[PDB]
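Engineer: Can you read through this structure? Questions will come right after.
Note that each Cβ is placed from the backbone with ideal geometry, even for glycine, and that neighbours are counted across all protein chains shown. Here, each number is a calculation from the coordinates, and none is a lab measurement.
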Ligand SMILES: C[n+]1cn([C@@H]2O[C@H](COP(=O)(O)OP(=O)(O)OP(=O)(O)O)[C@@H](O)[C@H]2O)c2nc(N)[nH]c(=O)c21
């Protein structure tokens, strides 16, 4: 939630495309939801892992090491 960012994007494509094409196109992402606009366009919402935030968060589970952002290091 803080570990993944939610995005909505706009996609234009050929009329011949189906749901599966958009799922394939965005397969690098999580929680993909298509909101069709018309024959050749859709909004797509998705979740993108935030690898830096995840590395920081995961460090809390280890006593031996801690990762923090430069901002947290300051504050
Ligand atoms: C499923 N689908 C929907 N559209 C466009 O979106 C309009 C309404 O889409 P719809 O009534 O077929 O599904 P809806 O979006 O309501 O619900 P969903 O299937 O659960 O997402 C259609 O009139 C088309 O213009 C689509 N357009 C293309 N090109 N390919 C598709 O597979 C497709």
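Engineer: Collect the residues in segment 45-55 that are in contact (Cβ under 8 Å) with a residue 24 or more places away in the chain and either in a helix (DSSP H, G or I) or within 8 Å of the ligand (Cβ to nearest atom) (or both), keeping them in residue-number order. Break it down into steps so the answer makes sense when it comes.
Structural biologist: Restricting attention to segment 45-55, the residues satisfying the condition of being in contact (Cβ under 8 Å) with a residue 24 or more places away in the chain are 45-50, 53-54.
53, 54 - these are the residues of segment 45-55 that are in contact (Cβ under 8 Å) with a residue 24 or more places away in the chain and either in a helix (DSSP H, G or I) or within 8 Å of the ligand (Cβ to nearest atom) (or both).
Engineer: May I pose another question? Restricting the first residue to segment 18-34 and requiring it to be closer than 19 Å to residue 1 by Cβ, which pairs with a second residue that is in a loop (DSSP other than H, G, I, E, B) and away from the ligand (no atom under 11 Å from the Cβ) meet a Cβ separation below 8 Å and a spacing of at least six or different chains?
Structural biologist: Going by the 8 Å Cβ cut-off, the qualifying pairs are 32/26.
Engineer: Oh, and also: Just need a number here: residues in segment 60-70 that are within 14 Å of residue 2 (Cβ to Cβ) and without any contact (Cβ under 8 Å) to a residue 12 or more places away in the chain.
Structural biologist: Residues meeting the conditions: 1.
Engineer: Just a yes or no: is a residue in segment 32-44 assigned to a helix (DSSP H, G or I) and surrounded by 10 or more Cβ atoms within 10 Å (Cβ to Cβ)? Quick ask: steps written out before the conclusion?
Structural biologist: Going residue by residue through segment 32-44, those that are assigned to a helix (DSSP H, G or I) are none.
Checking segment 32-44: not a single residue is assigned to a helix (DSSP H, G or I) and surrounded by 10 or more Cβ atoms within 10 Å (Cβ to Cβ).
Engineer: Give me the pairs, please: first residue somewhere in segment 4-16 and without any contact (Cβ under 8 Å) to a residue 40 or more places away in the chain, second residue anywhere and within 16 Å of the ligand (Cβ to nearest atom) and in a loop (DSSP other than H, G, I, E, B), beta-carbon distance under 8 Å, and either six or more positions apart or on two chains.
Structural biologist: 12/40; 13/40; 14/40; 15/39; 15/40
Engineer: Out of the residues in segment 1-21 that are surrounded by 13 or more Cβ atoms within 10 Å (Cβ to Cβ) and within 15 Å of residue 47 (Cβ to Cβ), state the one that is farthest from the ligand (Cβ to nearest atom).
Structural biologist: The selected residue is 3.
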